[PDB]
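Presented below, as structure tokens, is a lone chain in the form deposited in one PDB entry.
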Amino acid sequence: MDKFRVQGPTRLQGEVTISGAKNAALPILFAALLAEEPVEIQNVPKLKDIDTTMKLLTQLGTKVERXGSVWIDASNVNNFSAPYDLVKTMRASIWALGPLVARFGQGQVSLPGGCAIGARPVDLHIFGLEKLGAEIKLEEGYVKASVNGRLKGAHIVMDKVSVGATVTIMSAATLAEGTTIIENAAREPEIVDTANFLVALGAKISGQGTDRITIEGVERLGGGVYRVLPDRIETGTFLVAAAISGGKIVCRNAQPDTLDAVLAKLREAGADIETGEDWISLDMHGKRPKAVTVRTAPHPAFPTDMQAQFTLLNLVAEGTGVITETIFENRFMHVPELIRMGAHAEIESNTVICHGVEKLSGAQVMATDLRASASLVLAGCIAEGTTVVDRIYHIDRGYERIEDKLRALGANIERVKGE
């Protein structure tokens, strides 16, 4: 398993160019199955799931090629089944179901786990398509959807916010007969970006970004060009890299409005921040950060995806801070590892009490969550000595060339292969 051997302490500063959000590129790529004409999706990161999605689409009869853009021609999509071998590594493959049934009246996606009484993440997608008039069933290892003719617009009330089901319902709704209204819709910028992509193809959607999205079905969608938005978590991750090392940095190709709560919190930590249309700068002016208090909640509130990074910030800040998770109350895998690096923190239920220390010490660490893993790399950058972060493939799957980006900021880092 590959590892990153990092040597500190180092000050992280300079510039970084933010990649597009894999979490917006993915739903957009499947939404492209609706387009009857060629489409160009710009600013698509080069990550495993993107390649996995490209192969899946190709297997459906889509002409697919990529570079920084991914070009799609779904004009001749003629196979409506996504097989086990092509979906096995990716849960998001369920997003092919909605577009397929909406445009072709049929679709089937290989699903692990067979039949079950207990509620599963997949069901939300299923209930959404059922509300839209599709008949669904699980058989011979597949979830199979069909509808005679067109789907039918409906007033949907979501019991709990779900990014995945919102995408499925909104995407499929664009070709439904009549109007669809999604109450308590997911508000994430990724939903906004996906809605905007559908619109650039000719769909009628309003409300994206609020708790209610309204869609007006249309006969068909055309083609076009759309640029995926910047990855806000990668952005926050680099902002934190400078914030914790007394550095200064500028993130190019960013989008400030997707990070309101994160910026406000970085200012509370003592960061001098400026922003423009598509860039963000942060300057610590050589100072240690001030501990802050954080509460994760649904977007636009503070994101759980920035929680490990901010935990790290508090752990090297002046003062005591409290991190509270209301989205995933058990996502604190990084704490014990940062404690082995010299930190001081108590985990109390769904919160972490942090007592910032002066300097961390290198150690061998590891976390299986992408964000926590990136946080351990950042900690290694500022810790005294050598740190070895193991199982970095989690990072490789969600961050584009994080190694190069950090090296350009002054990091002393190396990938170690083999054993």
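What we label the rigid core is the largest C-alpha set whose atoms superpose within 1.5 Å from one form to the other. Counting begins at 1, following the sequence as shown. Residues that one form lacks are left out of the comparison.
Unshown form deposited in another entry; subsequent notes refer to it.
- For the residue set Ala264, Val225, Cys115, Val157, core-aligned C-alpha shifts between this form and the one not shown reach 2 angstroms or more at a single site, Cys115.
- Put the two forms on the same core and the Cα of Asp278 is off by less than 2 Å between this form and the one not shown.
- The two forms, fitted on the rigid core, differ between this form and the one not shown by less than 2 Å at the CA of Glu183.
- Remark: with the core as the superposition reference, the CA shift of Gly207 between this form and the one not shown stays below 2 Å.
- Relative to what is shown, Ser162 and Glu140 are closer in that other deposited form; their C-alpha atoms differ in spacing by at least 3 Å.
- Comparing the forms between this form and the one not shown on their core, residues 114 to 119, 139 to 141 form runs of at least three in a row where every Cα shifts 2 Å or more.
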